[PDB]
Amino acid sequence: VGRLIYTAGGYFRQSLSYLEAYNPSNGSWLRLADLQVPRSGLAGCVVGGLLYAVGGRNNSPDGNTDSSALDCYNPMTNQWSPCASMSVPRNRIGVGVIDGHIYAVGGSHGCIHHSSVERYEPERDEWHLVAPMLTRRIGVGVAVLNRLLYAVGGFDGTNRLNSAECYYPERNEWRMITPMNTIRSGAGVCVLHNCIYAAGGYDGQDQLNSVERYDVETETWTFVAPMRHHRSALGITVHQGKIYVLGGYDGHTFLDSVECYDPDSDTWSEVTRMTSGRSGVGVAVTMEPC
């Protein structure tokens, strides 16, 4: 059975509870069980075929509540189940999975911009802090390559960042890597082949269409073809060797545009529209439901 791209949550006028799944094999969207609590600025990931929604904030007519929540969606049952909450609320979070564990990276709680990082063990339903990043980062992009965790760009409370760093699990240690050529907060960050991609983002002045990638072997960042749309706070994932970017904000519109990147041709193509424009979604890929 094929795999779908799931988008959870996001923001349009207020934080959203939508869970919808796109099937690249046939172009279809399915609306699935809503999140129990609306949330924007969350991240999605998958472990053991389960979809997890991590952190965010409920920006609603009746207030703004940063989320420490971890919730688990089972495609086999179409149900959300609460898991243990994180140590702290983390809005505009990034996450990465290594060796079946979820790393929650940075994000904000009110005016607190976190450098802290914590790790979730599904088999124990427990979170534990690990070493903090060298830098406070909200709107941080996170990717995993070769069982190493990367935190890329973001906003430290004062400046948006071109900096990036790498976490070495067996040393419980963060070290800076080569900075990007572009300042990016709320970029989409993912991995494809031996490269970390950083797509779009916000630099304090503009939403960006540029895309660059870090080759871990050469330790250098290189720009590739820009996206068709400028976008910050986009969702990003990889499905069958291609990068998909979903939604985001372009300084004018909350985008419904979904674009995909073919690395072999260095081209971006429009592939579908989300059912409604939105930014700050969580995105991941897993099996079709039921």
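Note that residue numbering follows the sequence shown and begins at 1.
Stretches compared: 26-34, 40-48. Higher mean C-alpha B-factor in the entry: 26-34.
According to the PDB record, 261-269 carries the higher mean C-alpha B-factor of the two stretches 241-249 and 261-269. The PDB entry assigns the greatest CA B-factor among 122, 107, 96, 141 to 122. Per the PDB record, residue ranking by Cα B-factor puts residue 156 in the middle third of the chain.
Compared with the other modelled residues of the chain, the Cα B-factor recorded for residue 65 ranks in the middle third. The deposited CA B-factor of residue 276 belongs to the highest third of values across its chain.
Sort the chain's modelled residues by C-alpha temperature factor and residue 8 lands in the lowest third, per the entry. Looking at the C-alpha B-factors along this chain, the one for residue 169 belongs to the middle third.
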